[PDB]
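One structure is given below, encoded as structure tokens.
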Amino acid sequence: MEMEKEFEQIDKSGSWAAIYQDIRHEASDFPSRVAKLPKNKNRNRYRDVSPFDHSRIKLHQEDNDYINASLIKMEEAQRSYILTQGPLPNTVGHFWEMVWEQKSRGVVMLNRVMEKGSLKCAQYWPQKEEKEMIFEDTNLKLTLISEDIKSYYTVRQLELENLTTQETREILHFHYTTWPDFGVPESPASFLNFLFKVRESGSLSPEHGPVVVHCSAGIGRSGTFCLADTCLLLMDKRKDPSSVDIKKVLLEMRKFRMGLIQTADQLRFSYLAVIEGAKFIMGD
């Protein structure tokens with residue numbers, strides 16, 4: 001069923017809450033035993049958001065390999081994503097260790113550091129060229145190289161140095177700065193423009209490790225970003241684009257990380273973004 005007709009059907013009948021609760025009921029449940037160990041309590045931002053054991057990212061260290069991060073591997077679309085929480089004061093070095101070890105090219109940030117008067121993640125990158133950051137627990141150095149500030153997003157060039165080997169890599173930071181404190185955007189236009197800028201940079205392509213995407217919990221806005229990207233790519237690839245079923249794609253992604261798409265409003269916004277984005281993919 002053409003999603004655009006499914007959309008008007010749901011909207012006229014006002015059944016978004018009912019659709020979303022069906023997804024919640026059918027979603028996978030897998031163990032997350034490592035996340036719940038006592039030694040990891042200060043590595044988790046939220047008590048009720050944890051990576052599954054089978055898909056969690058492991059840090060390459062013998063001490064404690066735990067980070068709140070998951071590998072979402074989409075087999076038909078041939079795309080992979082790492083979804084993670086906003087870093088905490090005690091995990092900013094782990095975060096950059098993961099970026100290094102997984103060979104990522106890009107970091108996608110979908111929140112501001114402060115929202116609703118409270119801190120939603122640590123200030124984990126440098127704000128001035130001449131004031132670099134050193135993470136002593138993981139032996140990394142991070143420098144701001146350049147910054148391009150636009151009306152709806154900012155893109156930063158960063159240099160990450162492994163101080164143990166003196167190798168360096170360029171990392172691109174894509175920061176969507178205008179998601180509202182409450183609710184979802186009225187139009188998907190600026191979010192879609194942002195997704196296309198990430199794509200054009202190479203950060204989503206198979207010659208690099210998986211992109212790292214986060215918000216505060218790494219499931220809501222972050223789930224919207226990967227769900228829209230994968231659905232538009234599948235509409236590119238298939239003989240029949242109307243066969244792409246966004247509810248089925250979302251349930252496939254929820255095999256790899258719990259809770260993706262946190263509200264019925266985010267589900268509706270994901271439909272809207274895919275519908276409007278297709279009017280570039282299909283030839284408009």
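Starting from 1 in every chain, residues are counted up; chains themselves are A, B, ... following the order of the structure tokens, and ligands are numbered from 1 as listed.
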Excluding residue 88 of chain A and residues on its chain fewer than 3 positions from it, collect all residues at most 8 Å away from it, counting only C-alpha atoms, and give them as a PyMOL selection string.
chain A and resi 43+45+91-92+121-122
Using only C-alpha atoms, which protein or nucleic acid residues come within 10 Å of residue 264 of chain A? Drop anything in the same chain fewer than 6 positions from it, and give the result as a list in words.
residues 15, 16, 17, 18, 19, 20, 21 and 270 of chain A
If you run DSSP over the backbone, which residues in segment 59-111 of chain A end up alpha helix (DSSP H)? Put them as a PDB file with C-alpha atoms, in the first residue's frame.
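Saved the output as part13.pdb:
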```pdb
ATOM      1  CA  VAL A  92      33.658  11.247  26.390  1.00  0.00           C
ATOM      2  CA  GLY A  93      36.946   9.354  26.048  1.00  0.00           C
ATOM      3  CA  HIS A  94      35.113   6.096  25.361  1.00  0.00           C
ATOM      4  CA  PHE A  95      33.047   7.844  22.657  1.00  0.00           C
ATOM      5  CA  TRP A  96      36.156   8.992  20.717  1.00  0.00           C
ATOM      6  CA  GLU A  97      37.805   5.574  21.272  1.00  0.00           C
ATOM      7  CA  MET A  98      34.795   3.977  19.518  1.00  0.00           C
ATOM      8  CA  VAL A  99      34.941   6.488  16.617  1.00  0.00           C
ATOM      9  CA  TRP A 100      38.655   5.614  16.187  1.00  0.00           C
ATOM     10  CA  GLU A 101      38.310   1.800  16.495  1.00  0.00           C
TER      11      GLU A 101
END
```
Leaving out segment 163-165 of chain A and any residue of its chain fewer than 4 positions from it, which residues lie within 10 Å of it when counting only C-alpha atoms, given as a PyMOL selection string?
chain A and resi 134-136+138-141
How would the residues just picked look written out with C-alpha atoms as a PDB file, in the first residue's frame?
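This is the output file selection-v8.pdb:
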```pdb
ATOM      1  CA  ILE A 134      43.077  15.624  25.358  1.00  0.00           C
ATOM      2  CA  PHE A 135      41.319  12.467  26.652  1.00  0.00           C
ATOM      3  CA  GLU A 136      43.867  10.936  29.000  1.00  0.00           C
ATOM      4  CA  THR A 138      41.956   6.685  26.055  1.00  0.00           C
ATOM      5  CA  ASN A 139      45.083   8.584  24.800  1.00  0.00           C
ATOM      6  CA  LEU A 140      43.437  10.668  22.075  1.00  0.00           C
ATOM      7  CA  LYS A 141      43.775  14.289  20.974  1.00  0.00           C
TER       8      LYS A 141
END
```
Please identify all polymer residues within 10 Å of residue 197 of chain A, counting only C-alpha atoms, omitting same-chain residues fewer than 4 positions from it, and present them as number ranges by chain.
A: 153, 155, 174, 191-193, 201-203
Distance query residue 173 of chain A at most 7 Å, only C-alpha atoms, self and fewer than 6 positions along chain excluded, as a PyMOL selection string:
chain A and resi 106-108+155-157
Filtering to C-alpha atoms, could you give me those residues as a JSON list (two decimals), in the first residue's frame?
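Once written, part01.json looks like this:
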```json
[["chain", "number", "residue", "atom", "x", "y", "z"],
["A", 106, "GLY", "CA", 31.25, 11.19, 10.37],
["A", 107, "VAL", "CA", 29.42, 11.96, 13.65],
["A", 108, "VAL", "CA", 25.75, 13.08, 13.43],
["A", 155, "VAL", "CA", 29.35, 21.31, 9.97],
["A", 156, "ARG", "CA", 32.76, 21.04, 11.66],
["A", 157, "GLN", "CA", 36.07, 19.60, 10.47]]
```
